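Asker: Quick one: the structure is below, questions incoming.
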Amino acid sequence: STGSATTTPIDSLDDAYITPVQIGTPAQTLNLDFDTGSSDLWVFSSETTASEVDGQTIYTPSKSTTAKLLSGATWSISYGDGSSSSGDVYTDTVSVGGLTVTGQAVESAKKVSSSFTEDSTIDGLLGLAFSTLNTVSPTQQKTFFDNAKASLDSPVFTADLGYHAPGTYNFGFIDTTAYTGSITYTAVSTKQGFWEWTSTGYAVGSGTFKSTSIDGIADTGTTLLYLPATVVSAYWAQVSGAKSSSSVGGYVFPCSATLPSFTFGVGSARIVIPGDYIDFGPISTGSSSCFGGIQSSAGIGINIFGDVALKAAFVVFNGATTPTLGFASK
């Protein structure tokens, strides 16, 4: 089997991407944030604290003839930006782009943090990291991909995120028309439950390539590119007026600047992030100070190849017995 679904930026900055997901019988369609950095599929629901719901579409298990309470199961998750959610669990039929999993754990939110309440466009998250990170207790649950894997034509999914435009998540096949050149594959460590890999280096603009190992995660659920302070400083040093602002919470730059590209290495291959991808616009409405899309990972504890990086590539998440990651230009 295979599945194919369009993923759409939630706003003009590509702060996140939402993909329609069918849950239950009859189908209830919710727009979920596919997150290769976590492993829980959770939704706004009829059980979510009313004051914490603000425009989202909710899942109502009682209206689904295939929903079953997973008795005794609870979940609770916190993300790298400090947001969180928690609740109980149902199993139900979940379909993405034509690919159907029966008995998928659908984690129903009883509580969500303010950042989720404020994102009216995000009805929940669909985790695509390794199932070892799933937070359901006392019986850990599998991701949608993990449940689908054996039925897929090939045990893979691909992320093809657009810049200021829709893109595609495919399950079970590689669309050879969706990228240019070849896909370069690179080793993955699953030891921390992430799609963790080591980039071979970077370049800033037309600068020479610096060969250096950068361990980080491929995370569709993180907006920006978080890299070591040395790398990030080298990038922003090429932008007149750019500075790290503790009050704003990262590097800012004059909105009048033309940003240089940033290249990252995948083995001997190179992915180029155009400068425009690194512009996250005014820090506040009307400001001439703009927020940068490359930020330091110091104090996160891990480097994160988020959407800024991933949207510059066609990315293969290969869930074979020994997982790997593939990157192609597009």
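Every chain in the structure tokens has a letter given in the order shown (A, B, ...), and although residue numbers restart at 1 in each chain, ligands are simply numbered from 1 in the order shown.
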Can you tell me which residues surround residue 157 in chain A at a distance of at most 7 Å, considering only C-alpha atoms, apart from same-chain residues fewer than 5 positions away, and format the answer as a list in words?

Answerer: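 Surrounding residues, per the criterion: residues 170, 171, 172, 173, 316, 317 and 318 of chain A.
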
Asker: Out of range 45-249 of chain A, which residues get strand (DSSP E or B) from DSSP, as a PyMOL selection string?

Answerer: chain A and resi 45+59+68-78+84-96+99-112+124-127+137+156-160+167-171+184-187+189+196-204+210-218+225-227+243-245

Asker: Can you measure CA of residue 273 in chain A to CA of residue 40 in chain A for me? One decimal in Å is fine.

Answerer: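 Between CA of residue 273 in chain A and CA of residue 40 in chain A the gap works out to 29.2 Å.
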
Asker: In Å, with one decimal, what is the gap from CA of residue 45 in chain A to CA of residue 59 in chain A?

Answerer: 4.3 Å

Asker: Pick out the residues sitting within 10 Å of residue 90 in chain A, and hand them over as a PyMOL selection string; count only C-alpha atoms, and ignore anything fewer than 6 positions along from it in its own chain.

Answerer: chain A and resi 61+66-71+73-74+103-108

Asker: Any chance you could export the current selection's N, CA and C atoms as a PDB file, in the first residue's frame?

Answerer:
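File produced: again.pdb:
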```
ATOM      1  N   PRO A  61     -14.773  11.057  19.918  1.00  0.00           N
ATOM      2  CA  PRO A  61     -14.759   9.594  19.809  1.00  0.00           C
ATOM      3  C   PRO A  61     -16.155   8.965  19.835  1.00  0.00           C
ATOM      4  N   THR A  66     -15.931   3.128  15.281  1.00  0.00           N
ATOM      5  CA  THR A  66     -14.728   2.298  15.371  1.00  0.00           C
ATOM      6  C   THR A  66     -13.809   2.729  16.537  1.00  0.00           C
ATOM      7  N   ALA A  67     -14.201   3.772  17.267  1.00  0.00           N
ATOM      8  CA  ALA A  67     -13.404   4.227  18.412  1.00  0.00           C
ATOM      9  C   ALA A  67     -13.572   3.280  19.594  1.00  0.00           C
ATOM     10  N   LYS A  68     -12.480   3.021  20.295  1.00  0.00           N
ATOM     11  CA  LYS A  68     -12.519   2.231  21.519  1.00  0.00           C
ATOM     12  C   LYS A  68     -11.563   2.854  22.529  1.00  0.00           C
ATOM     13  N   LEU A  69     -12.050   3.114  23.733  1.00  0.00           N
ATOM     14  CA  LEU A  69     -11.186   3.640  24.775  1.00  0.00           C
ATOM     15  C   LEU A  69     -10.092   2.627  25.023  1.00  0.00           C
ATOM     16  N   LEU A  70      -8.851   3.097  25.076  1.00  0.00           N
ATOM     17  CA  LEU A  70      -7.744   2.254  25.488  1.00  0.00           C
ATOM     18  C   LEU A  70      -7.669   2.380  27.004  1.00  0.00           C
ATOM     19  N   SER A  71      -8.281   1.417  27.680  1.00  0.00           N
ATOM     20  CA  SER A  71      -8.577   1.562  29.092  1.00  0.00           C
ATOM     21  C   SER A  71      -7.317   1.695  29.930  1.00  0.00           C
ATOM     22  N   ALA A  73      -5.047   3.965  29.807  1.00  0.00           N
ATOM     23  CA  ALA A  73      -3.915   4.631  29.152  1.00  0.00           C
ATOM     24  C   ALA A  73      -4.001   6.151  29.242  1.00  0.00           C
ATOM     25  N   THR A  74      -2.879   6.763  29.587  1.00  0.00           N
ATOM     26  CA  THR A  74      -2.767   8.216  29.582  1.00  0.00           C
ATOM     27  C   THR A  74      -1.490   8.606  28.856  1.00  0.00           C
ATOM     28  N   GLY A 103      -6.780   0.406  14.373  1.00  0.00           N
ATOM     29  CA  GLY A 103      -6.258   0.245  15.720  1.00  0.00           C
ATOM     30  C   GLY A 103      -5.138   1.199  16.101  1.00  0.00           C
ATOM     31  N   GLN A 104      -5.071   2.336  15.427  1.00  0.00           N
ATOM     32  CA  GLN A 104      -4.089   3.369  15.744  1.00  0.00           C
ATOM     33  C   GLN A 104      -4.427   4.052  17.057  1.00  0.00           C
ATOM     34  N   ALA A 105      -3.429   4.233  17.911  1.00  0.00           N
ATOM     35  CA  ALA A 105      -3.645   5.001  19.127  1.00  0.00           C
ATOM     36  C   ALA A 105      -3.826   6.478  18.768  1.00  0.00           C
ATOM     37  N   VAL A 106      -4.991   7.006  19.127  1.00  0.00           N
ATOM     38  CA  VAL A 106      -5.337   8.402  18.932  1.00  0.00           C
ATOM     39  C   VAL A 106      -5.407   8.989  20.334  1.00  0.00           C
ATOM     40  N   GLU A 107      -4.466   9.860  20.636  1.00  0.00           N
ATOM     41  CA  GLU A 107      -4.341  10.391  21.978  1.00  0.00           C
ATOM     42  C   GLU A 107      -5.186  11.652  22.085  1.00  0.00           C
ATOM     43  N   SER A 108      -6.200  11.590  22.938  1.00  0.00           N
ATOM     44  CA  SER A 108      -7.186  12.647  23.059  1.00  0.00           C
ATOM     45  C   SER A 108      -6.729  13.636  24.116  1.00  0.00           C
TER      46      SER A 108
END
```

Asker: Sorted by chain and rising residue number, which residues of range 114-189 of chain A lie within 12 Å of range 276-297 of chain A, and what are their closest atom pairs and distances in Å to one decimal, counting only C-alpha atoms, as CSV?

Answerer:
```
residue,atom,partner,partner_atom,distance
A:161,CA,A:277,CA,11.9
A:162,CA,A:277,CA,10.3
A:163,CA,A:277,CA,7.1
A:164,CA,A:277,CA,8.9
A:165,CA,A:277,CA,11.9
```

Asker: Next, the residues of the selection above should be written as a tab-separated table (two decimals), in the first residue's frame with N, CA and C atoms.

Answerer:
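Result written to out-v5.tsv:
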```
chain	number	residue	atom	x	y	z
A	161	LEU	N	8.53	19.49	1.73
A	161	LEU	CA	7.91	20.71	2.21
A	161	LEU	C	8.17	21.85	1.25
A	162	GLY	N	7.14	22.67	1.03
A	162	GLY	CA	7.26	23.81	0.16
A	162	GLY	C	7.70	25.07	0.87
A	163	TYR	N	8.35	25.95	0.12
A	163	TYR	CA	8.64	27.30	0.59
A	163	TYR	C	7.49	28.20	0.18
A	164	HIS	N	6.77	28.70	1.18
A	164	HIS	CA	5.61	29.56	0.96
A	164	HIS	C	4.65	28.89	-0.02
A	165	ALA	N	4.46	27.58	0.11
A	165	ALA	CA	3.68	26.84	-0.86
A	165	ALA	C	3.39	25.45	-0.31
```

Asker: So that I can see what lies close to residue 127 in chain A, please list as an MDAnalysis selection string the residues with an atom at most 8 Å from it, counting only C-alpha atoms and leaving out residues fewer than 2 positions away in the same chain.

Answerer: chainID A and resid 34:41 125 129 143:144

Asker: Generate the output file for the selected residues, C-alpha atoms, as an mmCIF file, in the first residue's frame.

Answerer:
```cif
data_model
loop_
_atom_site.group_PDB
_atom_site.id
_atom_site.type_symbol
_atom_site.label_atom_id
_atom_site.label_comp_id
_atom_site.auth_asym_id
_atom_site.auth_seq_id
_atom_site.Cartn_x
_atom_site.Cartn_y
_atom_site.Cartn_z
ATOM 1 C CA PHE A 34 3.355 15.917 11.058
ATOM 2 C CA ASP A 35 6.298 15.895 13.429
ATOM 3 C CA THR A 36 9.353 13.724 12.748
ATOM 4 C CA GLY A 37 10.669 14.894 16.141
ATOM 5 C CA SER A 38 8.036 13.208 18.307
ATOM 6 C CA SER A 39 6.071 9.981 18.410
ATOM 7 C CA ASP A 40 2.576 10.767 19.658
ATOM 8 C CA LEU A 41 -0.518 11.221 17.515
ATOM 9 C CA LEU A 125 0.210 16.443 15.974
ATOM 10 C CA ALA A 129 9.929 9.759 15.136
ATOM 11 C CA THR A 143 3.350 5.636 15.528
ATOM 12 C CA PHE A 144 1.176 5.724 12.430
#
```
